[PDB]
Structures are given as C-alpha cells and as structure tokens.
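Chemist: this one's sequence-less:
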Ligand SMILES: CCCCCCCCCCCCCC(=O)CSCCNC(=O)CCNC(=O)[C@H](O)C(C)(C)COP(=O)(O)OP(=O)(O)OC[C@H]1O[C@@H](n2cnc3c(N)ncnc32)[C@H](O)[C@@H]1OP(=O)(O)O
Ligand SMILES: Cc1c(C(=O)CCc2ccccc2)oc2cccc(OC3CCNCC3)c12
Ligand SMILES: [Cl-]
Ligand SMILES: [Mg+2]
C-alpha cells in the first residue's frame, strides 16, 4: 500500500535502512518563527476543542470517546478501556501543555468525536538526548473512519509541538507505518486461568483439562525478595539513581528527571504500582506495572479483563527471573487477571520459564523526524502507555 500521507512527512521510506553511524533529524535547522500560526482546517461542522484533562467533565468526555472507539484486538473481542484517572496521570506529567491535548467536536451535538495528545519528554536515541513529544491516544469515532481525519489531527499536533521549538516525536502503534526503529512482540502470563478460558482468551485441550490448566499457572504467595514494598515519596531519589543508571545501556530510553520519577512511579490505585527493595536506605531493586483493563465485547458473564502491563523492572540483589516472578505475584495480589509484557529490555529471557504465552502481533516503535539504524527490541529501553 501507498502511504500517501506518511510519505509527505519527515520519516523513512519503507525501503530506507541506515548505518549505525547515522543518527540525526531528516530536517535540521527548523525555525519556530516559520511555523504556521493557523489551525489546520477541519471539514464543515467540526471544530477544534482544547480539552482540560484536569477538569472532571472534560476528562470524562475523553474517557467516553476512548471507551467506545479506541484500539481493539484483531478479532474485535477486546477494546482497551484506559480509566479516567489513568488518563489524568498519563497527560499531566512534568511540563505538560494543555494545548497538546486536542479534541475535535461535531458542532451540532457538541460531542467529542476525535482526540490526539502529546507530552514532552527527553529521549535518548543511540546516545544523543533530544527533547521530544510522546504522542498517544489518537482516536477518531468509529462512525467517521477512513475520512482522512487522522492526518489532520497529526498535522495539527505537529504544528503545536513545533511552536515549542520541538521537532522530534516518539510513538508506538500495532499497525505497520513508515518506518519502525524497533518491533516488539507482546507476551502474556495467565493469572486467572479460568476467567481467561471462559472469555476465549486462553484455551484447553484433551491433555490440558481445566483443573490441569489451573494447576499449571498456580503461584506461591511468597515473594522472592521479602522486603519488596509499595514505593513512597522517600524513595524517589533511590529510584532515580537505580533506574537512571540501568537505562543507560539501551539504544532508546527516556532520560528521567527526579520530578518525572515521582510522577511516573509513585503509586496510584488502579493506575500505577511501583514496589521497591530498600537496603541500608538504598533502593536496590524495583518492580513496576500499570493497569490497563480491556472491555470484553459480547461475553455474557464478564465485561472487564483487568490486566497489568510490565513497566520498568531492575534487580541488583536477585536474578531478573526472580524479580519478574515477584512482579507476577504482586499483580496477582492486586486482583489482575493477566500480566502483559513486551520483549524489550531483558524481558524475553524470562518468558519461557515464567510461563508467558506469545501473543498475536507486535508493537512497533517509531520516531518522527529522526533517521537512525533500527535495532532488535532487546535494545529498546522505554515502555509507552
Ligand atoms: C515533531 C512532532 C511530531 C508530532 C507527530 C508525530 C506522529 C504521531 C502519529 C500518531 C501516533 C499515534 C500513536 C497512538 O495513539 C497509539 S496507536 C493507537 C491509534 N489509535 C487507534 O488505533 C484507535 C482506533 N483507531 C482509530 O481511532 C482510527 O483508526 C485512527 C484514528 C487510528 C485512524 O483513522 P482512520 O479513520 O482510520 O484513518 P484516516 O483518518 O482515514 O487516515 C488514515 C491515515 O492515517 C494513518 N494512520 C492510521 N493509523 C495510524 C496510527 N495509529 N498512527 C499513525 N498513523 C495512522 C494511515 O496510515 C493513513 O495514512 P496513509 O495514507 O499515509 O497510510
Ligand atoms: C498493544 C498490546 C497488546 C495486545 O495484545 C494488542 C491487541 C489488543 C488490543 C486491544 C485490547 C486487547 C488486546 O498486548 C500488549 C502487551 C504489552 C504492551 C502492549 O502495548 C502497550 C503500549 C502501547 N499501547 C497499549 C499498551 C500490548
Ligand atoms: Cl497540508
Ligand atoms: Mg477519518
């Protein structure tokens, strides 16, 4: 297929491949003064709207649009159902701009029918740190698909981002676009085996009976690392040092400030869970994962699959396998049905032994206006939401 929109943008062509030593923008020497000051045109009867995510009622409208129209699995059995409070956390990180939270309304109903967002973050790509926008929650209402609205959303946020003298973005999608810098399969570890069977997610066979399936996935309710505990404000500096050091080995990662650590890690029920092991007042090991339920479409008995998504995990006192086994246990202890991760960082190495199953597709990582060698997902050190 043709990429008639993407090919007009500063991203690689589908055939482009770059040496390791290439690491630079497609278009350099950009000037804020030259950026269009006019909003991009929407079709007749539709308007831009600046969402205030801190306002319960605006935040709810975004919640509704995503609950009804956001990403579905290939088989349209499941639809991501990010919670309102999770969207608050995801969009109000350090230095967020309200004007990067862009909705589109249909004038006559006053209804939100589109959305796109970005937050600022410093991104280290092949050892060069660059200020970028992380883009997420692009969504057009199901009733308005394939009408070329999405490039309008993209072009408008790009314009707003450029106004802040920012010229690169990072983003992820399951769809293949020009052109990933990396590609990571997702893996899933069953926690509530029976529920996962009943909604079709997992399956049985003549050898794996229901009772045998339950037994296979049984976990012991005892932590390998005894003192692993919810993170507290006191733990911010330790976490910053532990994580910040660990992340330097990767080809792609966020450079977190102390302020970004407190925001991205301090726990929030039903949103973010971070656990630490403190020894001698030092943080030596951490586990984290975020909550991302999916709505279950057309199952008579269950309407929600609660799922925990591996975020950042670092051990210096245990094996990485022992640490992730603890991450599974803490997710079970918090009522999650399943523990999801990507084959990024060291993850892949523990998936077989910990009984993860390979999923159906993969998550592509993309950069905007950035030219560089692609790499295997083990070299990816950032997890987007
Ligand atoms: C320096 C700053 C730079 C800032 C910007 C950085 C870039 C940020 C990029 C965004 C990052 C988002 C990351 C993110 O949020 C995580 S990926 C999740 C995206 N959201 C969903 O999948 C929700 C369900 N689907 C929808 O809502 C609609 O299908 C959407 C809105 C996806 C498209 O609506 P539509 O009604 O289906 O489509 P048209 O309007 O007709 O438009 C079609 C054009 O859209 C291209 N398309 C489709 N899906 C895309 C996707 N996921 N990324 C980028 N492009 C995507 C497509 O290839 C085509 O271009 P082409 O003709 O060249 O092929
Ligand atoms: C997208 C995804 C999946 C999936 O299985 C994608 C298919 C799906 C879509 C909607 C509802 C349920 C399933 O598994 C993951 C396991 C780990 C991380 C993942 O990606 C995250 C980062 C980008 N946004 C979604 C979560 C994923
Ligand atoms: Cl244009
Ligand atoms: Mg459209």
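Modeler: Looks like it arrived, so ask away. Numbering: from 1, shown residues only. Ligands and ions are numbered 1, 2, ... in the order given.

Chemist: If we ignore the residues flanking it in sequence, what's nearest residue 148?
Modeler: Distances taken as C-beta to C-beta, 6 or more residues apart in numbering put residue 5 closest to residue 148, at 7.8 Å, once the chain neighbours are dropped. Where C-beta positions appear, they are placed from N, C-alpha and C, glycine not excepted.

Chemist: what sits against that neighbour?
Modeler: 148, 151, 154 (C-beta atoms under 8 Å, 6 or more residues apart in numbering).

Chemist: would the second one count as being in a helix?
Modeler: It refers to residue 151. Yes - Residue 151: assigned to a helix according to DSSP: H, G, I helix; E, B strand; the rest coil.

Chemist: ok, for it, nearest residue in space, not its chain neighbours?
Modeler: Closest to residue 151 by C-beta to C-beta, 6+ apart is residue 5, at 4.4 Å.

Chemist: Could you check how far residue 46 is from ligand 4?
Modeler: To ligand 4, residue 46 is 11 Å away according to C-beta to the ion, to the nearest Å.

Chemist: isn't that residue right next to residue 104, touching?
Modeler: Yes - shown here, residue 46 and residue 104 form a contact pair, counting by C-beta atoms under 8 Å, at 5.6 Å.

Chemist: Name the residues contacting each of those two.
Modeler: residue 113.

Chemist: Looking at the two, which has the bigger crowd around it?
Modeler: In terms of neighbours (other C-beta atoms under 10 Å), residue 104 is the more surrounded of residue 46 and residue 104; the figures are 23 against 18.

Chemist: For that one, name its beta-bridge partners.
Modeler: Residue 104 has these beta-bridge partners by DSSP bridges: residue 48, residue 114.

Chemist: Give me the distance between it and residue 140.
Modeler: 8 Å (C-beta to C-beta, to the nearest Å).

Chemist: just residue 146 next, same as before
Modeler: 9 Å.

Chemist: okay, these two: which has more neighbours?
Modeler: Shown here are residue 146 and residue 140; by other C-beta under 10 Å, residue 140 has more neighbours (21 against 7).

Chemist: can you pull the contacts of the more buried one?
Modeler: 69, 113-114, 147, 149-150, 153.

Chemist: Check those for burial and list the buried ones.
Modeler: Among these, the ones that count as buried by 16 or more other C-beta atoms under 10 Å are 69, 113-114, 149-150, 153.

Chemist: Now for those: which two are most distant?
Modeler: 69 and 153 (13.1 Å; C-beta to C-beta).

Chemist: Do a quick rundown of the strands in the stretch 51-200 of the chain.
Modeler: With DSSP state E, counting those that start in this stretch as the criterion, the stretch 51-200 of the chain has strands at 78-80, 101-106, 111-125, 128-140, 169-173, 182-190.

Chemist: helices or strands up against the third one?
Modeler: Taking 3 or more C-beta pairs under 8 Å, 6 or more residues apart in numbering; DSSP states H and E as contact, the helices and strands that strand 111-125 lies on are helix 56-69, helix 84-91, strand 101-106, strand 128-140, helix 149-162, strand 169-173, strand 252-254.
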